[PDB]
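**Student:** Sequence, then the experimental structure. Questions to follow.
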Amino acid sequence: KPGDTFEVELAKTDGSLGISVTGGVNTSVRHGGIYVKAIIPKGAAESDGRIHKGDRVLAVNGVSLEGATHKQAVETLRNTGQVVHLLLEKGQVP
């Protein structure tokens, strides 16, 4: 089955996470959520590997990302501190 959850208790590697996330509700995509587009080589999140491209994000540091737009999640991740507490899910579609 798809759809295994993880809490990602991630610390940055000198100011980098390493995630390119996209999506939202109001834009082109019907699906209504924030998704991983790509994983930035030599990132924190990148090398961790609980996060990987094509996953679905649930929450950022408490904040439920469902209903948030493309900008919001990006700005949210940008405005993260040292230790970053994510929640995400291992795939919708295989």
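**Tutor:** Looks like it arrived, so ask away. Numbers count the residues shown, from 1 in each chain.
**Student:** now the helices for the protein?
**Tutor:** Using DSSP state H, the helices of the chain run over residues 44-48, 70-78.
**Student:** How far off centre is stretch 32-42?
**Tutor:** With CA atoms, centre = their mean, to the nearest Å as the basis, stretch 32-42 stands 6 Å off its chain's centre.
**Student:** CA-only coordinates of that stretch, as CSV, when you get a sec.
**Tutor:** What follows is stretch 32-42, C-alpha atoms only, in CSV (Å, rounded to 0.1, in the frame of the first residue of the first chain):
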residue,chain,number,x,y,z
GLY,A,32,-5.3,20.5,-2.9
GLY,A,33,-2.0,20.0,-1.1
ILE,A,34,1.7,20.7,-0.9
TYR,A,35,3.9,18.2,-2.7
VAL,A,36,7.6,17.6,-3.1
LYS,A,37,8.8,18.5,-6.6
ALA,A,38,12.5,18.0,-6.1
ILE,A,39,15.2,17.3,-3.6
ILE,A,40,18.2,19.6,-3.6
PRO,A,41,21.6,17.9,-3.7
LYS,A,42,23.5,18.3,-0.4
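**Student:** My understanding was that residue 35 contacts residue 22; is that so?
**Tutor:** Yes. Judged on CB atoms under 8 Å, residue 35 makes contact with residue 22 at a distance of 5.9 Å. In this view, the C-beta of every residue, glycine as well, is placed from N, C-alpha and C.
**Student:** okay, the two: which has more neighbours?
**Tutor:** residue 35 (19 against 16; other CB atoms under 10 Å).
**Student:** before we move on, back to that, comparing the helices of the chain, which comes out most buried?
**Tutor:** Compared across those, helix 44-48 shows the largest average neighbour count, a mean of 19 (mean count of other CB atoms under 10 Å).
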